């Protein structure tokens, strides 16, 4: 994509990270991107169209950057997400609702193929991979409602599960 469109998306993502995505205006994105409102309109049809493109761009970079060389590195990635600022975790959850079900299934399949591969030789590699991912995702949802405690205690539990 164009240098201008990249800057607009990065400026938007930076604002979506801090506040609820729908509450971010074109004036705020223009101010954060250091560009006019007419230039944002020239690249994006509306606030919603820009949000969808920003969501797909965030997820495209996140799948390309998820290549765990070990089962321990999958726990680290999971715990790393739980340790993010609340607003980051909520943005990512709202981002999942702004993607097509087929595109969400594709991403999960690509992630599970990499995780189940790290469990090659285990009793049920696919089912263990799904159980680990389910726990890490569950704990990130839970973090939005309760103070879970010392995150390194969850990392230890996850590692004691992982190498049994």
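Numbering follows the first chain given and starts at 1.
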query	finding
128-136 versus 62-70 - which carries the larger mean C-alpha B factor in the record	62-70
Lowest, middle or highest third - CA B-factor, residue 75	lowest
Chain third (lowest, middle, highest) by recorded CA B-factor, residue given as residue 42	lowest
Residue 32 - which third its CA temperature factor falls in, relative to the rest of the chain	lowest
Residue 51 - which third its CA temperature factor falls in, relative to the rest of the chain	lowest
Third of chain Cα B-factors occupied by residue 1	highest
